[PDB]
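Order of the sequence lines fixes the chain letters, A, B, ..., with proteins taken first and strands second; residue numbering starts at 1 for each chain.
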Amino acid sequence: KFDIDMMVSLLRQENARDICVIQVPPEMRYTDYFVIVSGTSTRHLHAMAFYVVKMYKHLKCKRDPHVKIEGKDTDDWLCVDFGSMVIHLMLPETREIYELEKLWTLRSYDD
Amino acid sequence: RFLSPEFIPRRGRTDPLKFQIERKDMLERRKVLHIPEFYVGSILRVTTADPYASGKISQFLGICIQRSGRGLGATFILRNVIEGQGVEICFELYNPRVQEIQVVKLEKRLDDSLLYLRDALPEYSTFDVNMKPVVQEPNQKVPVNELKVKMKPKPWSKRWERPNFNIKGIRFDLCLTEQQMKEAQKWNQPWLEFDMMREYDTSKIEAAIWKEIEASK
Amino acid sequence: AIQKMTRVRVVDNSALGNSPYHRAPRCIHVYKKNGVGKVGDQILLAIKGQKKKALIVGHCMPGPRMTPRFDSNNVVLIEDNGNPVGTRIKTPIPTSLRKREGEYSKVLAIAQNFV
Amino acid sequence: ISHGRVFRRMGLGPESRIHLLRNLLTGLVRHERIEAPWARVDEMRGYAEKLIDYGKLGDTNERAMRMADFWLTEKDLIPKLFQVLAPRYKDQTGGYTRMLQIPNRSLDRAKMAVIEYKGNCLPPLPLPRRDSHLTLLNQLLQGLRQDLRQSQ
Amino acid sequence: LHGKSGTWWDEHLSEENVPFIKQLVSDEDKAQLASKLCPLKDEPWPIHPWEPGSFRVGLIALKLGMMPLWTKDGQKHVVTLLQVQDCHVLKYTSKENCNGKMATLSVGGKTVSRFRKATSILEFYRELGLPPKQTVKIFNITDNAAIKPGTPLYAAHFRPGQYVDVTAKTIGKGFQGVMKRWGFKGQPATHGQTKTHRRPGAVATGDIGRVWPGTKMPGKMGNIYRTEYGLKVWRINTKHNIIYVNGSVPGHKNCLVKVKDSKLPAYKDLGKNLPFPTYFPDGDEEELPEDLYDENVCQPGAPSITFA
Amino acid sequence: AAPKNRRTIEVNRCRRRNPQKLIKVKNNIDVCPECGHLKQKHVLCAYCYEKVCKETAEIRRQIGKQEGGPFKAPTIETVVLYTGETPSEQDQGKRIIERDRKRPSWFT
RNA sequence: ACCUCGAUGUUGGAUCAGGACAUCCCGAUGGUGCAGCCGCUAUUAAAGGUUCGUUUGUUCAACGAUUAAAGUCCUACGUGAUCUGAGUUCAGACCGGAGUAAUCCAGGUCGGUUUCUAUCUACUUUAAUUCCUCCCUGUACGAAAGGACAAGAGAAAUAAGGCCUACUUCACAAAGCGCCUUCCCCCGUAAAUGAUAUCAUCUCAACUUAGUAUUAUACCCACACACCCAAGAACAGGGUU
Ligand SMILES: [Mg+2]
Ligand SMILES: [Mg+2]
Ligand SMILES: [Mg+2]
Ligand SMILES: [Mg+2]
Ligand SMILES: [Mg+2]
Ligand SMILES: [Mg+2]
Ligand SMILES: [Mg+2]
Ligand SMILES: [Mg+2]
Ligand SMILES: [Mg+2]
Ligand SMILES: [Mg+2]
Ligand SMILES: [Mg+2]
Ligand SMILES: [Mg+2]
Ligand SMILES: [Mg+2]
Ligand SMILES: [Mg+2]
Ligand SMILES: [Mg+2]
Ligand SMILES: [Mg+2]
Ligand SMILES: [Zn+2]
């Protein structure tokens with residue numbers, strides 16, 4: 001299967017400079033897992049995103065529709081939305097300026 | 001006996017067999033989903049499965065501002081304000097992806113259409129998302145909420161003061177002058193309540209529909 | 001339906017959106033062959049005498065059943081690349097944005113509420 | 001395009017149409033037989049039937065009283081409606097009026113009709129009568145009927 | 001007095017005979033319809049198997065109305081209801097005389113009064129042993145699919161997942177101006193325009209000194225035969241002989257539509273599994289359910305769909 | 001726009017003698033078996049209707065004399081009686097309009 | 001200076017466009033100072049398409065934002081018995097200039113009547129396109145950068161043709177802002193065998209392929225009062241069991 005375990009294994013295999021996972025509660029109508037990962041550079045981000053996407057494509061779930069790769073034109077933030085999990089690849093400055101962690105853990109308790 | 005509006009057909013030349021088939025499907029779906037009795041003005045919480053997610057439900061609570069449509073396509077649009085943003089959703093009653101309809105507060109309003117709540121103050125559309133359901137006695141006429149809302153400045157989505165709308169739930173005296181009311185009376189059309197050929201008698205149709213429903217039971 | 005010249009509300013944390021200006025933000029162009037913008041469509045926007053792309057995230061015009069109709073034409077400012085200018089979206093964002101063709105993951109990530 | 005349009009456009013507009021039909025209906029209630037252009041009689045026949053139904057609803061019914069008050073411009077006819085016409089048709093469920101075509105109006109050659117309330121005291125109209133059962137065709141058909149009854 | 005008086009069946013009938021004749025003729029009509037209910041026991045023509053390139057007959061249905069429908073993906077499809085009302089095969093002609101090179105079957109539906117039909121039509125239907133039909137439409141078929149005249153046809157002649165073509169007379173809008181008929185832009189409302197708001201502009205150039213044939217001009221709109229191609233059959237109610245056809249169909253409610261297997265190339269050889277000559281209930285191979293559903297249709301009464 | 005040429009009598013005849021413009025022969029005319037008068041099948045006999053209208057007018061003049069004033073519509077049924085006729089049992093409690101002529105054969 | 005001075009201003013715009021191809025985009029090819037993407041060039045292709053705004057009366061133009069593209073033209077610089085009159089043109093008035101003055105002006109400005117009931121001809125119902133995303137595939141190619149073909153799926157959008165279940169304008173119905181359906185190609189060249197000219201040679205040589213329009217279909221098809229109608233100006237058409 002293609003699950004968060006496969007996600008984290010692949011990301012650690014390619015050695016993401018930083019990984020974080022959020023368990024999105026069911027009552028929020030987005031997804032199950034919110035993965036946020038930092039990278040060294042835009043080239044690194046593109047490489048790892050392409051790698052994980054190829055792994056998803058080749059692994060399993062033929063009936064599951066294919067998956068976009070969003071943020072290709074931008075250099076500091078890519079994102080891939082899977083059926084039940086969404087990965088946000090970015091750089092340290094983008095991550096610290098968008099503070100997705102506080103947003104997705106403290107839904108209405110931050111600025 | 002509350003016959004849900006969608007069962008009663010709008011008059012036309014369409015064959016009654018079409019309505020029989022549509023009612024068969026509607027009742028056979030009602031056997032799965034309990035569509036409670038409710039009226040325009042009652043607060044409802046609708047739980048629906050989202051295809052965008054993976055088998056995850058979404059709940060929307062709001063005041064039913066309009067009941068429209070007939071047959072299997074019947075809809076009800078209900079309104080609320082979330083973080084100060086007015087949102088309306090038109091829910092299809094018989095959509096296979098509405099998991100539940102809960103009548104949080106069963107009540108009737110002075111009007112059969114509360115579309116003017118768009119132009120009313122935001123307080124009259126605000127309803128706590130987590131409000132608990134109130135209880136009505138098993139044998140009790142549905143309460144009629146005689147609330148008359150206050151409107152915001154005159155530029156409105158529709159000319160609510162005009163007689164053809166027949167709005168009774170707006171405090172017009174507060175927002176409109178006597179001159180404006182008199183001017184709006186120019187569209188009175190008093191004969192329209194007395195032309196007897198315009199009235200749609202649905203007694204026999206309702207009786208037949210009730211027979212069908214009972215037979216389905 | 002956001003066309004050219006519609007006055008739109010910037011539902012965003014961005015300084016451009018939240019700063020006062022004598023002229024309300026107006027749609028300058030709808031990035032759609034028919035210049036009619038729905039939820040998920042991009043539009044140029046004249047803010048503070050500046051041209052800025054933005055994303056429609058709600059409008060008064062009724063849409064298909066089961067989808068929300070908002071009281072205002074809400075828009076989110078985005079960069080030319082696509083990164084949202086602001087870092088937070090306060091008012092509810094329709095969930096239908098997810099499956100529409102186009103990049104919306106960034107906006108959904110920034111969104112606080114969904115409807 | 002007028003698909004499904006059931007109301008003629010008469011008079012000077014909607015209100016004028018209602019007033020014209022109202023005058024015709026008041027005349028019909030007063031005299032129990034009225035000549036008028038065919039289209040206007042056809043439009044007013046439904047209203048005449050509805051008035052008989054409202055009169056059946058009863059004198060004490062406020063809605064029926066208001067409807068009669070509007071629709072009968074001469075108020076001496078309201079007692080007549082509630083105490084003569086409605087009791088006259090209490091047994092029937094419909095078809096209170098009889099409408100027949102009349103030779104075209106000499107003035108403008110208009111298509112003319114006579115509409116009466118059934119059971120009035122006036123001399124009967126020359127109603128159309130079907131052929132006698134003793135005609136050749138009708139007797140042959142009676143033979144068919146008897147043969148079919150016997151055989152099956 | 002000149003002798004060309006126009007008579008109707010009731011003209012010389014007495015009060016007693018009118019109801020008797022009505023009842024007698026209606027009873028005859030229903031008896032005739034019932035007599036054909038068992039075609040396979042009435043010297044059916046050879047029932048050949050389906051082969052590639054075989055075109056079978058279609059039906060003449062009645063447009064009952066429209067209603068929503070939902071598929072398991074959660075999408076709503078508007079579907080239109082086509083009821084098959086007393087649809088029968090009436091005539092068979094060979095390739096030589098079909099005005100082409102493909103056999104033809106005439107099919108009629110929606111029995112109508114015999115008192116209101118021309119003598120020739122009444123004689124034709126008397127020989128056929130059926131009550132007259134409102135409309136007769138000709139279907140081009142291969143000889144493999146010939147069906148004996150008089151055989152009834154039923155909604156189950158189609159099956160869900162099949163694609164169909166529906167042809168009918170569009171709603172007649174009468175003489176319509178150019179703006180409504182052809183979607184011309186018309187002229188502005190204000191800014192000086194005098195007595196030209198919905199008029200055609202120039203109808204041609206000055207050089208030709210005429211108007212080209214086929215120029216778009218005001219005239220009668222609608223009331224012409226149009227065909228909608230490739231409509232999916234979402235469901236079939238066998239009890240009432242209803243076909244649920246995807247989308248819109250030309251014509252008004254209660255209008256007769258000619259329904260046939262779709263001619264689109266994509267659906268060229270989907271007739272393998274369909275009843276080749278036609279569906280024969282008398283065959284009784286397997287009494288069909290009351291409702292046949294397509295796979296994706298969210299059947300009513302199923303547990304609420306969850307996109308898990 | 002003005003005509004460019006005078007239309008000839010030949011063209012004019014072809015136009016104004018076209019069958020579309022000719023008066024069509026009516027074939028629904030017949031004889032009223034009651035009185036033998038001509039009538040159209042769907043229309044009332046003109047002569048019979050004239051009889052009925054004249055009798056109705058006389059009866060209504062009697063009604064007007066009896067009522068004596070506007071807004072005097074009775075709340076009770078009406079019965080017309082001719083010379084040599086007496087109110088029957090069911091004619092009791094109904095205003096009687098008396099006619100000086102004898103009962104018409106067609107009136108029952 | 002040949003027709004028209006015995007009621008035709010002109011330019012722009014609106015409406016509707018017919019056509020040419022000397023092609024702007026979409027299609028197929030040859031070459032390239034084309035590795036791929038890209039361009040540049042040429043052949044062929046006119047089925048289809050060919051945006052919205054600010055200033056200006058403007059055609060143009062500049063500018064802003066797009067687009068697959070925003071093509072060059074002809075059609076009385078198409079089209080005012082279809083529209084408009086903003087520039088220009090008539091009677092009023094200024095500024096500047098000429099003139100003794102009257103007046104005038106290729107200039108600047110403010111204002112300024114746009115008739116026609118159609119006799120004749122003609123005419124009034126004649127197999128979609130593009131783009132984007134995805135799969136192939138960040139594969140070919142390329143040192144990298146970058147980045148394909150061909151084929152397929154999904155989304156839209158437009159165009160055409162319909163329709164009302166919903167929504168919306170509304171209300172026994174008509175509509176769009178809503179929904180539904182839309183199906184084959186065209187030929188430039190690239191090859192095979194092979195003589196004239198025993199090699200070779202794609203062949204205005206014979207011959208063999210890409211190569212197909214011989215549109216495929218679909219649609220329609222019943223000789224022979226009155227009332228109602230989803231049919232309709234009349235007429236016609238359908239229903240009356
Ligand atoms: Mg509005
Ligand atoms: Mg500026
Ligand atoms: Mg008039
Ligand atoms: Mg317009
Ligand atoms: Mg005007
Ligand atoms: Mg000379
Ligand atoms: Mg001349
Ligand atoms: Mg060329
Ligand atoms: Mg020239
Ligand atoms: Mg001017
Ligand atoms: Mg001057
Ligand atoms: Mg000047
Ligand atoms: Mg001027
Ligand atoms: Mg002025
Ligand atoms: Mg003019
Ligand atoms: Mg004219
Ligand atoms: Zn007579």
Side-chain angles (χ1 to χ4, degrees), chain A residues 50 66 68, chain B residues 10-13 68-69 71-73 75 90 92 200, chain C residues 1 4 28-29 31-35 44 51 61-62 64-65 101, chain D residues 1 3-6, chain E residues 5-8 11 22 25-26 29 65-68 76 78-79 99 112-116 118 120-121 124 134 136 138 165 167 170-172 174-175 184-188 191-196 199-208 210-221 223-231 246-250 252-255 263-266, chain F residues 1-5 7 20 27-28 40-42:
Chain A
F50 173 80
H66 289 91
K68 307 291 97 176
Chain B
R10 287 183 167 277
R11 36 184 188 183
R13 318 176 60 179
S68 290
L72 206 61
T75 63
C90 194
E92 293 170 307
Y200 184 26
Chain C
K4 288 189 175 197
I28 300 307
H29 177 79
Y31 286 105
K32 201 170 178 181
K33 306 271 187 162
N34 60 332
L44 283 174
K51 294 163 293 183
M61 176 147 185
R65 308 313 92 67
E101 274 69 25
Chain D
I1 310 166
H3 297 340
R5 300 282 184 263
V6 290
Chain E
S5 183
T7 183
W8 57 107
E11 189 174 10
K22 281 184 180 180
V25 184
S26 72
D29 282 353
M66 314 191 72
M67 68 162 62
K76 173 180 144 291
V78 191
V79 70
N99 309 356
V112 291
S113 173
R114 309 216 290 271
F115 302 133
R116 311 294 180 174
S120 60
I121 298 171
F124 162 80
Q134 190 173 323
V136 178
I138 297 171
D165 294 350
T167 178
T170 57
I171 290 164
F175 199 107
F184 282 16
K185 283 202 53 57
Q187 291 77 38
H191 285 295
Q193 307 299 307
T194 64
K195 300 215 297 183
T196 68
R199 293 175 63 179
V203 293
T205 77
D207 182 22
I208 62 171
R210 65 186 181 97
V211 182
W212 275 97
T215 298
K216 292 174 187 306
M217 285 177 139
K220 301 265 203 290
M221 167 157 61
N223 202 30
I224 52 167
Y225 284 104
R226 282 289 197 259
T227 309
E228 284 305 309
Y229 297 94
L231 306 180
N246 185 47
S248 297
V249 165
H252 58 91
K253 275 182 295 296
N254 313 311
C255 201
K263 73 161 206 85
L264 265 65
Chain F
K4 198 78 181 175
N5 283 107
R7 277 210 288 209
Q20 187 260 350
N27 53 3
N28 48 12
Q40 283 186 131
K41 286 182 197 305
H42 58 291

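- Regarding nucleotide G/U55, the torsion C1'-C2'-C3'-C4' is greater than zero, so its sugar is described as north.
- A canonical Watson-Crick pair (purine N1 to pyrimidine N3 plus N6-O4 or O6-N4) or a G-U wobble (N1-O2 and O6-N3), each contact under 3.5 Å, is present between G/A65 and G/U51.
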Taking N or O atoms only and anything under 3.5 Å, show me the protein contacts with nucleotides 74-77 of chain G, one pair per line.
from  : atom 1 : to       : atom 2 : distance (Å)
G/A76 : OP1    : E/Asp207 : N      : 3.4

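- Adjacent nucleotides G/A213 and G/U214 fail the stacking criterion: their six-membered base rings are not both under 5.5 Å apart at the centres and under 30° between the planes.
- The shortest distance between the side-chain N/O atoms of E/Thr215 and the OP1/OP2 oxygens of G/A122 is not below 4.0 Å.
- Atom CH2 of E/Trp212 is surrounded by 12 or fewer heavy atoms from other residues, nucleotides or ligands within 6.0 Å.
- A salt bridge is absent between A/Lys68 and C/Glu101; no separation between the charged side-chain nitrogens and carboxylate oxygens falls under 4.0 Å.
- The side chain of E/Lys263 contributes no N or O atom lying less than 4.0 Å from OP1 or OP2 of G/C183.
- Across all strands shown, G/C38 remains unpaired; no Watson-Crick or G-U wobble contact has both distances below 3.5 Å.
- G/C37 and G/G146 have their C1' atoms separated by 7 Å, given to the nearest Å.
- The side chain of E/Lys220 places an N or O atom within less than 4.0 Å of a non-bridging phosphate oxygen (OP1 or OP2) of G/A233.
- Judged by the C1'-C2'-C3'-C4' torsion, the sugar of G/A197 sits on the south side, since the angle is negative.
- Going by the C1'-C2'-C3'-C4' torsion, the sugar of G/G6 sits on the south side, since that angle is negative.
- Between E/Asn246 and G/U181 there is a side-chain polar atom (N or O) within less than 4.0 angstrom of OP1 or OP2.
- Distances shorter than 4.0 Å separate some side-chain N or O of E/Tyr225 from OP1 or OP2 on G/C221.
- The pentose of G/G85 belongs to the south class of puckers. Its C1'-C2'-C3'-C4' angle has a negative sign.
- E/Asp165 contributes a side-chain N or O that, together with a main-chain N or O of E/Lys263, makes up a donor-acceptor pair within less than 3.5 Å.
- The base of G/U158 lies outside donor-acceptor range of the side chain of C/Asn34, with no N or O pair under 3.5 Å.
- The bases G/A98 and G/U103 are paired, Watson-Crick or G-U wobble, with both atom distances under 3.5 Å.
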- [ ] Sugar-phosphate atoms are those with a prime plus P, OP1 and OP2; base atoms are the rest. Using that split, label each nucleotide of nucleotides 161-166 of chain G B, S or - for protein heavy atoms under 4.0 Å, 5' to 3'.
- [x] BBBSBB
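- With both atom-pair distances required to fall under 3.5 Å, no Watson-Crick or G-U wobble pair links G/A218 to G/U240.
- Nucleotide G/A122 carries a north sugar pucker, as its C1'-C2'-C3'-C4' torsion angle is positive.
- Listed for the E/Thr170 side chain is a donor-acceptor partner under 3.5 Å among the backbone atoms of E/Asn223.
- Smallest separation of non-hydrogen atoms from E/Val79 and E/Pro68: CG1-O, 4.5 Å.
- Rounded to the nearest Å, the gap between the P atom of G/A159 and that of G/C123 is 29 Å.
- Between E/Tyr229 and G/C183, a side-chain N or O to OP1/OP2 separation shorter than 4.0 Å is absent.
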- [ ] Encode nucleotides 51-59 of chain G as B, S and - characters from 5' to 3', where the letter depends on protein heavy atoms closer than 4.0 Å: B to the base, S only to sugar-phosphate, - to neither.
- [x] -B-------
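- A close approach under 4.0 Å does not occur between any side-chain nitrogen or oxygen of E/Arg199 and OP1 or OP2 of G/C83.
- Legend: unstacked base step between G/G33 and G/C34; six-membered ring centres and planes not within 5.5 Å and 30° respectively.
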